[PDB]
Structure formats: C-alpha cells, structure tokens
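Asker: Residue numbers (PDB author numbering), protein chains in the order written: chain u, 2 to 86; chain e, 2 to 201; chain q, 2 to 114; chain r, 4 to 97.
Note that the Cβ used here is the ideal one computed from N, Cα and C, for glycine as well.
Structure below; questions to follow.
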RNA sequence: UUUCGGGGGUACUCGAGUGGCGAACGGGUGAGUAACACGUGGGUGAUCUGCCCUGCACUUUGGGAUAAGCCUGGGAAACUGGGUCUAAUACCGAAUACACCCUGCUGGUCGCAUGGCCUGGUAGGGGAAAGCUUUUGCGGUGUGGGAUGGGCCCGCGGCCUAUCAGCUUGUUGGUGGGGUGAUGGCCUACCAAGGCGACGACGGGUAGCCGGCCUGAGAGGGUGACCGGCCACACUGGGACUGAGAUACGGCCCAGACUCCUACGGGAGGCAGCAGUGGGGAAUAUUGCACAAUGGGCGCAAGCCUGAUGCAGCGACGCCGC
C-alpha cells in the first residue's frame, strides 16, 4: 500500500488468483464427474473420462497451477480406482 | 598519569634509597612527616606492600600497569619473580638509564617521552615500550648535540653497563643481546615478597 | 546462487578480508561454507592468498565470484586456469621479505669495529 | 563428439538405522507391540552408573510376539503417531 | 517548421502504463514458547529446491483479448463504472517429446520390512516453449546430473514446584479413502480399547536456546550485554492468496481497541528499520556524511537502488596508552 511495487503486485496477484481458481475448479469438476461415472459402474465412460481427466491433470501441472507430484498422485488414484472396478 | 611529587619521600618511607646518590636520604633515613620516628607494628602484609611499592616507585610504573606486568609474568613459563623483574627491566626508559645515557630514571623517561630516541629505525616515544633481542636504539641526529646527550656522552664513567646491553658507538648506540636473567639484573628488594602479595 | 564473497574482519581503520564461499542470501558476516583465502589491502603490495584447488572446485560446481573476488582470481591466475584463455600465469606481486633482526644486529656490530 | 544423453547419479551408501533389543510389555493393539528398552548411562555429577527404562512402540504385521519375549527392533519412518520401530524377529520366547 | 502560438518527426531518451525479476534477503525486538524451540549425533527405501554450473533434446503452429490512449459517468475524498481502441517474452488451443508422469504384464539384482536399483524390458494413455538485439550479444522449454537452501522423524542433553495423583476419547491402534513436496489421527468413515503416570503424567510458576561471558585451584555456581548461529513475533486475534520459497515488519481480507479526515454517505493509519518526540525510570546518544570499500537487488552493459554497511557526532560508560 505504501510502495509502488506492492500495489502492482496486488493487482497481478489478484489476476493470478483468478486464473488459478479457474483451473483448480475445472480439475475438481472433472475428477468429480469421473468419480460419479465409476459409482455408476460402467467401464467405457469411466475409461475415457479417466483419459480426459488424466490429460487435464498433467496439463494443469505443466501450467504450474499444481505441483507435478500432486498430479501424479491424483492420476494414480484415479487409475487404481478404475482398475478396481 | 605520572608521579610528580618529591622523590626522597618514597625513599625515606621505604627505608632504602632508590635514586642512588641522594644525600637527603642519608641525612634522615626515617619516614617523613611528624610521626616518622614512631615505632611500627610488624606485619607480613606491610613488608609485602613495601616491597611492591619499592619496585613500582623505582621504575616509575603505576599500579594498574604493574598488575598487568605481574599477570604477564605469572602467565609465562618461567618463574614469577625473575619474569616480573625482566619485564620491568626491558622498558625503554630503564634501558636508556641503564645504558648510562641518563643520570636518573626520571630523566630517562622524560627523554624517551620527548621523542629523543629511535628504536630499529622508527621513532618511538613510549617509556613503557618493551625491548626485544637485537634492537638498535639510536638518538636522532637533531638531538645529538643537545646538552643532555652532550653530558651523557662525556661522563661514561658512572654505573657500569650490564652484560645484556652494550653501548657500541661514539654516537652512543645501544645494542640488546638478550633479555636479562636474574643474575645480571642487579636490582634492590625481593621479588618473592611481591609474588606473595599479589597471590593474597 | 552460491557465491565467492569477501567478508570483512580487522578493526575500524584496517579492513582485512577473508575469501569465503557462501550463499548469496546470507549476510556479509554470516556463516561460511568454506574459507579459501585472505586479502589484506592495507599492505603496500596488498597480500593475497587463494587456495587454488578449492577455488577450482568451487568454480567448477558453479560458484559466482563477486567483482573484487573476480579481480583477485584473475591476479592469481586461478580464473584463467578455470577458463583456459591465456594460461594460468602468476601475476601475484608477493611482499618483499624483510631482513632479519639478527642480520642487522651483526651488521651494526661489524660496523662498530 | 557428443556427451552422453544420460548421466547416472553418483551412488550414495545407505545409512545405518538404529537397532535395539528389548522385552514385550503389551500386545493389546493390532499389529503393534510395546517394547521396553533399558539404558545404562553414568550420572553426570556423582559418576554412578544408572539403569534407565524406556517404552517404544513397534510394528509387527502378523503379531507373533507375546508378552515377555526378547525381541529385536530397527527404526523406521513414522508408521503412525508414536510408532517408529519395526520388529525384526523374536530373539527368544517366554 | 512556423504568425512565436506552437506544430510535426526521431528514437538518443523517458513520466505514467502492461510485462519480468526482486520484494520471503538484508534491518529490529525477546512478547510468546518448558517445546524436537535449542545444542549435539543420526535417519529420510518418506521429500522439495527460483537464480547458478554442466550433459542431452527442442525452440512447430494458430487465436481471442486488455491496460495505457481517446470519449463519458459517479463520489467530498479515497476511489470507481461504461463505450471505443492497441501491443508483447501478457493470456489461450493444438502438434512434437517417449529423457518425464500414470496404469497392466514381466526379467534380473540389492537388501533394512514396507521396498530400492538396473534411465531393465514391454503394452496403453499422456505432459512444453519466446523472442529480442548488432554487440564482448542476451534469452525460452523438457530432461540427466551437480551445487545451494530447506522440510520431516528420532537418540541424548540443559529450570522450580505433590501444600499439583491421576490424565486422555482422534485419545491409543487397524483398514479403506482423502490430503501433502513428503511419512504420519494430518483429516475422515468404520472397527478394536487402548495410551500416559510416582524413572513424577496432568496442572502451577518462571524462561527465547546456544557458541560464549563472569567467578573459581578445580569440580562447580551465576549469566545469555556486544559479536556469531538457530527460533519466535511485527497494534491485538483469526485467514488464505501469489509465489521456487511467506510469522509476508514498510502485502491482502475480516473482527477489535486506539488515532485522524468527512459534505455523515463513507474513508485512512501501524517505528519491536534509521534518526527523533512524549511518557516510564536511578539510567542509556545525532531528526549527521557517503555509496569511496565490502555484501545485496535489477540491468547485456554503462548504470540505478541500499538508514545493510563504511564513517563521523555525543556520554571518563569500559579497556589501553600518554
């Protein structure tokens, strides 16, 4: 509030927060849809939902929104859940 | 600071002469003041303190400096007495006086403090300067013709120069072979009393 | 980045430095990974000592010298050895040793007689 | 003239995890035993040798260790709260 | 170019603006904290690491905006809405990568059990990038390895008090999920009933810890000023965001106390940074000089910034010398 760089950083941090929030919400929605599909119990829709969600996960990891380890953990969990079904 | 008042006072109080050729001390060898004749009580502390006062008033060194010297001497791996005596004897003014260039230690100190000497080719005016092995003490050329050094260089028949020093040049150079040992110091008093006093 | 800095020592008027290896984020007088030399500019030829092997290792892993340390590395030839451009030539102007006290003592004694 | 496309990592020798020998004093939890360890140091002031006791919690999958058995343990990463030891084998049963 | 009111170009240069990096270092204080906070030694087959160094492979292709500018509205102010318009190393889609990530099968090997390694083999799916500059030219992306900086867990060690004897219910353990960089009741559902304690749990009081410092023959006792390391905090109490990294001192959001502006609608602030002021007190300093040296940030560089720092001023406050 007192130093110019602080004010510029206020604006830039706000815009970065907006972008990260969008990406995280999209990832959460994709994972939730896959979980619902698995709960229904069909394989094929679960299969390419898993494919789309895994692609979304690592491509959001590349953007720096989430750590690559987090994307790996999520992908492992989803694939294991599908395999169990 | 420095002690400035009368000199024979200390000699009379301490019962020995410290200057060396003082007639007033011979005339009255008893302590000064009204009660200089009153008999005194005997105590070890009194004797030790009087020995320390003798030592530190012969060389003109104040109490704090003397205590620093004692700590230094005790720290050294010799024995405390002769170590302290050699530390005292290595002072620049004492070297100048013992070399016969000053009649009294006070004027040796006065000459040193006024920058009349030059040790190892660099001007030194610090009476407490300690002198190591193989030091050359010279009088700077400007003061060679002065009255004090004139009369110092034409009465070289006084007290003998100790072994560890040597006046070598017609210009009265001083060469230091090694720091004196207890045998060659030739000083009054007893160092053991001082060691006892400072161990109290 | 790990850097080769100069930390200050000595008293007020006389700065004497140690050539240390430390992270760029630490303070000037902070903890040092390694001490690989010393530098005394108050002396007339300004004594410089650099441990060549440790300097080579730290330059190899990628430590970045500061400008004074870079100048010293060029002087001692360690920088050129690390790069290899002209060769590693010692431009170091070492202090001239002083005659011994015994030499001058005997010279005075001989001059007397 | 071209450098390798893969640089193998410099091998690091494995560390030595701490080991202990103790006695089982509790086996009331699943897959977990409580082991008592004894240590004999010297008193820092009086110099006498003092025997001191300590309880650790170890992990054994099948739970073959009863109460009173001399067992062997090796340290490990935290398996739970307060669980930091792994049962190697039962030194002697009792 | 000119009527001297100024007008155009340039890009040397540069206010404001977008964008990058920095701002998490450096500087202060010792309130809290009896704790894995600190000291010392280990473990991480349970982990991250921007900039830096060094191998390898790339650096393809397309698009939609917007700040600034211009026009206009609201408000006392703080500040804020709408229209139009414009650029990028800003933002976004795709291709490629098969070094990387996930899953299935499978070989060998080392163990310290989960497991680790051989970039093992194999089948399927997938994951990027940015240009600028003619000059000692600087950059972008993935990936192998170093270096640095961490995170987490553990042994042992350093206060006083039973005129403080019981304490604990996510509390002790398991399973499946979730979460995290990572292990873990860290979180959660279910299951079992454990766990700690006179070798002093649970309470109460006090306290930043250490290298060190003072004293002492030594053992020991007292202490933690300067200097150096770690920790905690930044008006009080919570919270996340951005980021490689956050107790975010000179960031944000909320609540509270206090101080200030207001057209009563609403707004602003945080010296335990450097000087300085008031108060408290027996008692503790200048609203100084400079980036010349060292360290740091940005920049290709010249360079800019730095109350860090280097110096100076005041006080016999101390040591030393005259």
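#1: Check whether the Cβ atoms of residue 41 (chain r) and residue 54 (chain r) sit closer than 8 Å, and answer yes or no.
#2: Assess, as a yes-or-no matter, whether the stretch 177-189 of chain e is touched by the stretch 134-143 of chain e under the definition of 3 or more beta carbon pairs within less than 8 Å.
#3: Taking a contact to mean a Cβ-Cβ separation below 8 Å, would you say residue 9 (chain e) touches residue 25 (chain e) in this structure?
#4: Under the three-state reduction of DSSP, which class applies to residue 90 (chain e): helix, strand or coil?
#5: Indicate whether the contact test is met: 3 or more Cβ pairs, each with one atom in the stretch 18-38 of chain q and one in the stretch 48-57 of chain q, closer than 8 Å.
#6: Could you check what DSSP says for residue 102 (chain e) in three-state terms: helix, strand or coil?
#7: If we define contact as Cβ-Cβ less than 8 Å, is residue 103 (chain q) a contact residue for chain e?
#8: Taking 8 Å as the CB-CB limit, is residue 111 (chain q) close to chain e?
#9: Using three-state DSSP, classify residue 104 (chain q) as helix, strand or coil.
#10: Going by other Cβ atoms of all chains shown within 10 Å of its Cβ, with 16 needed for buried, is residue 101 (chain e) buried or exposed?
#11: Here's the rule I'm using: 16 or more other beta-carbon atoms within 10 Å means buried, otherwise exposed. How should residue 42 (chain u) be labelled?
#12: Relative to the C-alpha of residue 96 (chain e), which candidate in e:155, e:162, e:29 has its C-alpha closest?
#13: Rounded to the nearest angstrom, how far is the Cβ of residue 94 (chain e) from that of residue 119 (chain e), given a contact under 8 Å?
#14: Along the chain, where does the alpha helix (DSSP H) that runs through residue 86 (chain u) open and close?
#15: Our contact map puts residue 53 (chain u) next to residue 61 (chain u) with C-beta atoms below 8 Å; I'd like the distance itself, whole angstroms only.
#16: For the stretch 60-89 of chain q, enumerate the residues whose C-beta is nearer than 7 Å to any C-beta of chain e, in chain order.
#17: Is it right to say residue 77 (chain q) is buried, meaning 16 or more other beta carbons lie within 10 angstroms of its own, or is it exposed?
#18: Tell me the DSSP secondary structure of residue 87 (chain r) in three-state form.
#19: When the distance is taken between beta carbons, is residue 73 (chain r) closer than 8 Å to residue 81 (chain r)?
#20: If you follow the alpha helix (DSSP H) that residue 157 (chain e) is part of, which residue opens it and which one closes it?
#21: What residues of chain q sit near residue 135 (chain e), judged by a beta carbon separation below 8 Å?
#22: If the criterion is Cβ atoms closer than 8 Å, does the pair residue 21 (chain q) and residue 51 (chain q) meet it?
#23: Buried or exposed for residue 66 (chain q), please, with buried defined as at least 16 other CB atoms from any protein chain shown within 10 angstroms of its CB.
#24: Are three or more beta carbon pairs between the stretch 55-72 of chain e and the stretch 101-114 of chain e nearer than 8 Å?
#25: Near residue 150 (chain q), which residues of its chain fall below 7 Å by C-beta distance, leaving aside the five closest residues on each side in sequence?
Answerer: Put simply:
#1: Within the fourth chain, residue 41 (chain r) is the residue found at index 38, counting from 1. Within the fourth chain, residue 54 (chain r) is the residue found at index 51, counting from 1. Contact check for residue 41 (chain r) against residue 54 (chain r) passes: the beta carbons are separated by less than 8 Å.
#2: Cβ pair count under 8 Å is three or more, so yes.
#3: Here the question's residue 9 (chain e) lines up with position 8 in the second chain. Here the question's residue 25 (chain e) lines up with position 24 in the second chain. Going by C-beta atoms, residue 9 (chain e) is nearer than 8 Å to residue 25 (chain e).
#4: For the purposes of this step, residue 90 (chain e) is identified with residue 89 of the second chain, where counting begins at 1. Looking at residue 90 (chain e) - three-state DSSP - the assignment turns out to be helix.
#5: Touching, yes.
#6: Numbered from its first residue, the second chain carries residue 102 (chain e) at position 101. Coil.
#7: On the third chain, residue 103 (chain q) is found 102 positions in, with the first residue counted as 1. By this cut-off, residue 103 (chain q) is an interface position.
#8: Position 110 of the third chain holds residue 111 (chain q). Chain e contact via Cβ: absent.
#9: Walking along the third chain from the start, residue 104 (chain q) turns up at place 103. The answer is helix: DSSP assigns residue 104 (chain q) an H, G or I state.
#10: The count along the second chain starts at 1 and reaches residue 101 (chain e) at position 100. Buried is the call here.
#11: One-based indexing of the first chain puts residue 42 (chain u) at position 41. Answer is exposed; the Cβ neighbour count stays below 16.
#12: Numbered from its first residue, the second chain carries residue 96 (chain e) at position 95. Ranking the options by Cα distance to residue 96 (chain e), first place goes to e:162.
#13: The residue given as residue 94 (chain e) occupies position 93 in the second chain. The residue given as residue 119 (chain e) occupies position 118 in the second chain. Separation of the CB atoms of residue 94 (chain e) and residue 119 (chain e) is rounded to 15 Å, and the pair is thereby denied contact status at 8 Å.
#14: Residue mapping note: residue 86 (chain u) aligns to position 85 of the first chain, counting from 1. In the DSSP assignment, residue 86 (chain u) falls outside any alpha helix (DSSP H) and carries neither an H nor an E.
#15: As a first step, residue 53 (chain u) must be located in the first chain, where it is residue number 52. As a first step, residue 61 (chain u) must be located in the first chain, where it is residue number 60. Going by Cβ atoms, the distance from residue 53 (chain u) to residue 61 (chain u) rounds to 12 Å, so no, they are not a contact pair.
#16: None of the residues of the stretch 60-89 of chain q has a beta carbon lying less than 7 Å from any beta carbon of chain e.
#17: Here residue 77 (chain q) refers to the residue found at position 76 when the third chain is read from its first residue. It counts as buried.
#18: Along the fourth chain, one-based indexing puts residue 87 (chain r) at 84. Strand.
#19: The sequence position of residue 81 (chain r) within the fourth chain is 78, counting from 1. The sequence position of residue 73 (chain r) within the fourth chain is 70, counting from 1. Annotated as distal: residue 81 (chain r) and residue 73 (chain r), with beta-carbon spacing of 8 Å or more.
#20: Taking the first residue of the second chain as 1, we reach residue 157 (chain e) at position 156. Residue 157 (chain e) -> no alpha helix (DSSP H), and no H or E assigned at all.
#21: Counted from its first residue, the second chain places residue 135 (chain e) at position 134. By Cβ distance, chain q contributes 102, 103, 105, 106.
#22: Counting from one through the third chain, the residue named residue 21 (chain q) turns up at place 20. Counting from one through the third chain, the residue named residue 51 (chain q) turns up at place 50. The Cβ-Cβ distance between residue 21 (chain q) and residue 51 (chain q) does not fall below 8 Å.
#23: Counting from 1 along the third chain, the entry for residue 66 (chain q) is found at position 65. Counting Cβ neighbours within 10 Å, residue 66 (chain q) comes out buried, since at least 16 surround it.
#24: Output reads yes: the stretch 101-114 of chain e touches the stretch 55-72 of chain e.
#25: Since the displayed chain q opens at 2 and closes at 114, residue 150 (chain q) lies outside it and no answer follows.
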